[PDB]
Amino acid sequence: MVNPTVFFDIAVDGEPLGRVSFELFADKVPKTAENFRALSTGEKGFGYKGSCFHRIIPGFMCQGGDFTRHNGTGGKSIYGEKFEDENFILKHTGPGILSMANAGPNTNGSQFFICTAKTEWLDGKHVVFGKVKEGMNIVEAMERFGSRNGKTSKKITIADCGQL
């Protein structure tokens, strides 16, 4: 079957910025792709809609996905609070890579990051499971709101999200 595509409509203090769409590599990372897909549609009764990109560090990545604590510490998967690292087949080769954030081995939840540069030192520690399809210019625009410690100068949110 074909890899699913999901979208985020990004807002800045509630004003639309643009749409980012992602190809999810279900063909190579099915369990991790399925988690992100289901969190994007909200079909389990919880997910990304309304949550924030809480940590944006220019030159590195935009990180979000905490819909449970809303403070960068939380999140949960469709499989429970955490799930194991599925594989490390794919690498952090450049801008647009979509990868799981974690707190060490086998702690995937819902937090994720979009690379804005090659982050090869994360290879083998974070599971890569997708890439930006359309809207990299939106991701680049989100960087304007980050800083060296990741704090954002305006609220960058996933105002809407779903499956295409």
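A residue's number is simply how far along the shown sequence it sits, counting from 1.
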inquiry  = If you take the mean CA temperature factor per stretch, which one wins between 101-109 and 117-125?
reply    = 117-125
request  = Select between 63-71 and 134-142 the stretch whose C-alpha atoms have the higher average B-factor in the entry.
outcome  = 134-142
task = Give the position of residue 6 by CA B-factor within its chain, expressed as the lowest, middle or highest third.
result = middle
note = Tertile call for residue 45 (CA temperature factor, within chain, third-based) is the highest
task = Going by the recorded CA B-factors, say which third of the chain residue 77 sits in, lowest, middle or highest.
result = lowest
remark   = Tertile call for residue 52 (CA temperature factor, within chain, third-based) is the lowest
note = Here the Cα B-factor of residue 29, set against its chain, lands in the third termed highest
